[PDB]
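See below for the structure under consideration.
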RNA sequence: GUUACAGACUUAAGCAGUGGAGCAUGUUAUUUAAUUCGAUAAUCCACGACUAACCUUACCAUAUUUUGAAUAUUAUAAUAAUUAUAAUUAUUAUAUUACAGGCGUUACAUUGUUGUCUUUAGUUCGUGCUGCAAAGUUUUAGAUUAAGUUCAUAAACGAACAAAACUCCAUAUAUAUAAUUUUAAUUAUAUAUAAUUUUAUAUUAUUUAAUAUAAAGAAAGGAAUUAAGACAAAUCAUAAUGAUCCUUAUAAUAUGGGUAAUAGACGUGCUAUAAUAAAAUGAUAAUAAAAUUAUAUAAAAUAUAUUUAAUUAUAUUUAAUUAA
Ligand SMILES: [Mg+2]
Ligand SMILES: [Mg+2]
Ligand SMILES: [Mg+2]
Ligand SMILES: [Mg+2]
Ligand SMILES: [Mg+2]
Ligand SMILES: [Mg+2]
Ligand SMILES: [Mg+2]
Ligand SMILES: [Mg+2]
Ligand SMILES: [Mg+2]
Ligand SMILES: [Mg+2]
Ligand SMILES: [Mg+2]
Ligand SMILES: [Mg+2]
Ligand SMILES: [Mg+2]
Ligand SMILES: [Mg+2]
Ligand SMILES: [Mg+2]
Ligand SMILES: [Mg+2]
Ligand SMILES: [Mg+2]
Ligand SMILES: [Mg+2]
Ligand SMILES: [Mg+2]
Ligand SMILES: [Mg+2]
Ligand SMILES: [Mg+2]
Ligand SMILES: [Mg+2]
Ligand SMILES: [Mg+2]
Ligand SMILES: [Mg+2]
Ligand SMILES: [Mg+2]
């Protein structure tokens, strides 16, 4: 009815898109635990959606088996031990796995997820770093400087058009920049 | 809420008789009045064998049944080696025995979970389902024999006060 | 009934929310900095103290906050402002976190043991005992100086009395 | 500006509602440390035409809060009958859930596309150069003591070793080296931080490699590979090694493609 | 056949017809059965958090009662708090009751209390809580205009405020007022109407799908699928619980000055069965696997001169 | 638990403006007063 | 469906346009878009989320989970009124309901529904009077179960009178209402000489009570048992003498006296018709 | 200390037991400085107590604490945080009373909760009608069901708490997801659909209802829920509170002892009294499920008991994982 609903709205209304996996280089897997479903499933869906945009090829909520912590108790405060009541608690577990991403993008995703987290859901992340066999923390000061430069590049304000800002993050950046911080090691 | 069964039966009787009027002689008015009161297939694989999964107690049996001469392999080994009790073997055979097709079909069973007798029963169940695909006309016969029924008999849990499911601890009067 | 004011997401807004343990070197430095800020009692997880309220500038992060053994009640110490606030930022902590430096203790040599005790077999036994202790203490987590003291006590280089202080 | 309530001197020229809002803000921000102001009072007096209150009365109210109001002036209306203008508890909870859902939908629509700006193509490190995989774990909201756990894991054939040295390395590894999958892994939880633990693991690996490449008066050519731990592990697990016999297959008995004429007609592309 | 297949693939709607689901306006999230909405991987930490939450609840209860120069003691009733533990942040929340444009110019005691919760820049209660949890806390009060919309509040209020009306015996007027809170709603009629509305909605969506249709299961554009479906029409009809159908309130204990014995006194109104679940696709669900979702039960036990007593309340909400 | 937790004492420290009422304490005080009145108050403690 | 930028700007605000463009860039034109059956992310109605709703979205300045504001900034400093009132129409009234002497009017309305009686007449001209107001009980297995019994004469003061009894386990007001209802259902035209007294000296037995009611000269008032008096006031009898013998059970008096009025009385005209004679009233003829 | 019918683990079959033996455990009694207190017909007796060495413990002996665990009031003094050498606050110290504290006594003062009647089918409200009325009818003449659930009949017509149903587990099917190295896809988990099963031919009794037969189906259970009332049933020893009593003691801490004493008795169990039943052995390790492992689970392997070795038990030392 002459009202152009763009593609993002359409995507929201439908199921979440998933990018295909080029190589099986499991970068990170994220397990989501909760004592119920509805929130957890929603959260997983949201994670998938954000992963799509950050192009991360996320697989999807593979349900790992639910736990069951049972506990029985005599109903009465005193005696009547023949009458007993049970209690249970189901730890519902879902798995996400990111498949191909440059670390920074993955970090951003994870940071975004934890920012807009839901009520009942706990989270655990296993990150995987394919490093070479031999390593060196000898050529140090230069490597530190490079790392600082990379950080600066990452956290640069491109256009201040009322974007999201954090005071703590700004402070951290300022600390990283400082001469005292550079001095630390030597 | 004021509708009674007897009233409904009467209504049905009235409708049915009207409907029964020979379709050629029926009217438009009658039909208008009566208008108010109206209202996946299994196949063989690439290699020509019918997969089927059966269950009993804790057991699960995925069974590949194929048209080659009748030999058995339960869980990657010989039938007499796996099932020591002859009863279990007889049970397994029974779907092929109700049909005259023991010797016709090669069977490759793969079980998991439960104990031996339950596993054998699950295999049998799977085999019947597999057979049903080869000839759908025998399905009714298999059902009659009592092989197509999934045996529901599930182990009852231990209830709190009771020792086992039903076994209660001793009662005393004095 | 109003327009949705879209504030754009940025890496800076998602800073703080970065994982505390992430492989990257850049991330590690950031995490360390965040930890140092937390130690300093910077306003993270809370609204800041500025020059508006004067009397009610209270904090709960005192030297022994959620702890019993120091005999007191809840101590409402005054917070600094955002100006006039120091950050701890210690070198040892940096070494632990950013780089992967660890102390490992020192293995006690036989010569040191010979200084105290006379017989050779006894010295060798003492050395063995010290070695055994060392690996166990490496495995355990306690405290840099305290652990070293314990190790010394176990060896016999220091007496039992130095623990009870 | 945001810092406006703090300065009562500036707001006389504003509208009355706005002035009231500023006053309320001021009262809120410094609750116990509130201290009346002349300019603020004047503003409040000016506003008085907005909400029907006399000039003396407003001033009195400003001076004395609830006591003044009481002086200026009730029946209990707790069980007054329902006028149908407010949802119950469950209802309100359901509404809140729905609000949350809507918020998340909005985020998905307009913030996640923005997030796609910060997007990089995968820069793969080759398995030839980067065989080792240090896996780190992090519990997000919590402070688990397993966050320190780091796990190195390498295929032994991917390590740059000669055949004699490789065998020696495997022998040294003992339980850490699995032989079915040619994989050697080890985890360290000894140190406080994760990075420390990773460094320690790396150092161990390096030491192991150095030992493997020694060969001076220590070969280990005549100590066969101990595979007891691996067989124990295999026993603990179950196996599905068996397969369908290949000579039992019947491709001739398989269901042939059934001729669908309308589908064929349709397929003009 | 293709069209039918496409429909089957896309056939979803709000539950409650006779391909459907219970939407977030049609049932409670089971997380809203518990009061500490949390999962942590270290269970010790989780336990510590739930202890903290419980302690904060008591503190909040204590705060809720104010004084005004020893003249008036306005006892603000509050619900049991519900603590939402996201990864980022805690959020505490509670429902509360409080009993001409002259009050634009002074802050009420209740207002001041509410301001203290989040608005006092450095000094606020949320800030102080944040030290106990190591994450940003947000207390949200929600005002209820009636006493009987929340069960806990209803029971609590009667326990605290209306002592005199039942201490010797339930006064007649008070009992009458309790009886005639709600206007005796035909719950059967309402449930049936709701079901009919749901059916109509389903038909509308189906009709739209048909219109669009005139191996891939994509229909037309969103505007044409949800042709007549809007925020003005659907949400409020779909909203499940809205109408206090039936309620029971029990006073129990030593509520008799002459008598030494106890006195169970029960007021009953409406009905506690729900007829939306009886003849439709929507099914009843059980909170903590023992309380029908629609029900909400609570009690509060104030001490008297004679000794202890309590006040059970139980509402139904269609 | 965490021994440093907010108490009613502090709710006077943090928010002096709001005249709070601890109900249980008040009740206890009233009971004590009643006991004193009807000759059932606590006996005066020995010092020695 | 990939729309142009200008078209988007026409319908959508300037803030979200960039985000839309990005979404278009990322998501291809050839897209399947599956329907997630096992979980529903989006709502059951179509909505472009550009407009924040007052009721159905979170209130902007209010604090909550998913606040997206600083710990200092929360624009909400008055908690006297409710924050999020109900959208569109203020009410949530079901179909066929309404918002809240009155009791008498309600009775009259109910009578009009049940038995087609004029409500206005019931409200105005009829005036009621309780005669007996017992509390009454039954020994049930649960226990002694009390019940409020009323007995309430109603009557237009022009010879139209009715007795009625009613009962409620709940408090006496309900019982009285029921009695009133019953009375109005049982309205009855009593005959009376000169619109002031009964015709003859009646002597009537109702169960226990033996009634004796003498006629009266005008001005001589009601000189009878209190129940009888009450009934007469409602039934328009100005002048009456009489005395109750045997039982003086209030209820039975009330029942007996109206029965006597309706039944024991004969109007002069009726008597004349029966006998075929003139039956003159001498005083009337005289003109006093 | 009454009629009459109907019901089920009531009885009857049947299978295994108790009652005899020894041991375990609870109880009794008696003993003891103390054997802490309660539960003590069904509805106590491996019950409160899902672990009594110390602790827990409440009991006893001997020691030693006296505003003590709190809250408030009134004063002196000391330290630390914040500000631009002073001050504001927060705390601590020493005291100062009101008190705090009490597993002391009364569940025959209470709360909440529980047991038994009870998953038994009962327990009541509007309007109408009957009776002067308290009341009755509804809520039953029949019958049937597991059933106040239902059809037949009826001055009744509707309506609630129970019943049933929705619920959970388990089952069958479908869809989704899992790059089939966290794999068990023979799986797990979200979302549906499915039955309190349906249809037809006959044979008995009166359009239906039981039996039988047939064809259609994976279609067959368990759990939770145990109403009103009653038993002054159980609990003041989960906890709280009324009244009452103790306040250098009936409150508080330590060291040891006791709760484990033993004539007879009473329950619950365990192990037995041998061949339709016991023991050795069984590594291409016959076949499970459910659940636990950051107050840990402890693999392989070495050493000793033990000439081979395996088994079993310890020690040595921690590989792996905080977990499909
Ligand atoms: Mg009558
Ligand atoms: Mg028997
Ligand atoms: Mg004997
Ligand atoms: Mg014996
Ligand atoms: Mg006692
Ligand atoms: Mg005893
Ligand atoms: Mg002791
Ligand atoms: Mg006391
Ligand atoms: Mg004691
Ligand atoms: Mg009790
Ligand atoms: Mg007792
Ligand atoms: Mg009856
Ligand atoms: Mg009866
Ligand atoms: Mg039921
Ligand atoms: Mg598999
Ligand atoms: Mg009962
Ligand atoms: Mg008793
Ligand atoms: Mg009792
Ligand atoms: Mg007591
Ligand atoms: Mg106590
Ligand atoms: Mg003592
Ligand atoms: Mg004992
Ligand atoms: Mg027992
Ligand atoms: Mg034997
Ligand atoms: Mg071993």
Need one value for E:79-91: mean number of C-beta atoms belonging to other chains within 10 Å of its residues' C-beta atoms.
6
Quick one: if you stick a label point 7 Å off each Cα along the C-beta vector at residue E:173 and residue G:129, how many nm between them?
2.9
What value, in deg cm²/dmol to 500, does the helix sum -39500 (n - 2.57) over DSSP H runs of n ≥ 4 give at 222 nm once divided by the residues of chain G?
-8500 deg cm²/dmol
Output field shielding_mean for A:128-141 (other chain Cβ, 10 Å radius) holds 6
Fewest-first ordering of E:240, G:133 by Cβ atoms within 10 Å yields G:133, E:240
On a 0 to 90 degree scale, rounded to 10, what angle separates helix C:25-40 from the longest Cα axis of chain C?
80
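Assuming a ≥ b ≥ c are the square roots of the Cα gyration tensor eigenvalues, decide whether region E:21-98 counts as rounded (a/c under 1.5), prolate (otherwise, with a/b larger than b/c) or oblate.
Oblate shape, in that a/c is at least 1.5 and b/c is the bigger or equal ratio.
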With everything on Cα atoms, drop me the angle between helix A:38-53 and the longest principal axis of chain A, reported from 0 to 90° to the nearest 10.
20
By the mean-Cβ-within-10 Å protection proxy, highest first, G:230-237, G:245-252 rank as G:230-237, G:245-252
Calculate the FRET efficiency for residue A:86 and residue B:166 from the Cβ-Cβ distance with a Förster distance of 22 Å, rounded to the nearest 0.05.
0.80
Sort G:158-165, E:122-129, D:214-221, G:219-226 for me by packing, meaning the mean count of neighbouring Cβ atoms within 10 Å per residue, highest on top.
E:122-129, G:158-165, G:219-226, D:214-221
What ranking do D:253, E:53 get, fewest neighbouring Cβ atoms within 10 angstrom at the top?
D:253, E:53
With labels modelled as points extended 7 Å from the Cα through the Cβ direction, what inter-label distance (nm, one decimal) is found for residue G:220 paired with residue G:269?
2.6
Mean residue ellipticity (222 nm) of chain B, computed from DSSP H runs ≥ 4 via -39,500 (n - 2.57), nearest 500
-11500 deg cm²/dmol
Residues of region C:28-49 with backbone nitrogen within less than 18 Å of a virtual label 7 Å along the Cα-to-Cβ line of residue C:84, please, listed as ranges.
C:41-43, C:48-49
Under the definition of partner shielding as Cβ atoms of other protein chains within 10 Å of a residue Cβ, what is the mean value for peptide A:34-46?
6
Whole-angstrom gap from region G:226-288 to region E:54-73, using each part's C-alpha centre:
71
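Taking the DSSP beta bridges in region E:76-171 as the whole, what percent of them are antiparallel, to the nearest 5?
Antiparallel: roughly 55 percent of the beta bridges in region E:76-171.
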In nanometres, what is the gap between the two model label sites at residue B:15 and residue D:10, each 7 Å from Cα along Cα-to-Cβ?
7.8
Per DSSP H run of at least 4 residues, take -39500 (n - 2.57); add these up for chain A, divide by its residues and hand me the 222 nm value, nearest 500 deg cm²/dmol.
-10500 deg cm²/dmol
Percent relative contact order of region D:155-269, based on C-alpha pairs within less than 8 angstrom and at least six residues apart?
29
Exposure proxy order (Cβ contacts within 10 Å, fewest to most) of G:126, D:14:
D:14, G:126
Say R0 is 35 Å: what FRET efficiency, to the nearest 0.05, do residue A:183 and residue D:124 get from their beta-carbon distance?
0.45
Relative to the first principal axis of the alpha-carbon coordinates of chain C, what is the inclination of helix C:144-155, with its axis defined by its Cα atoms, in degrees from 0 to 90 and to the nearest 10?
20
Quick calc, residue D:34 & residue E:221: beta-carbon distance into FRET formula, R0 45 Å, rounding 0.05, result 0.20
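Each reported figure results from applying straightforward, stated rules to the coordinates on display, with no laboratory input. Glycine gets a Cβ as well: all are built from the backbone with ideal geometry, and neighbour counts include every protein chain shown.
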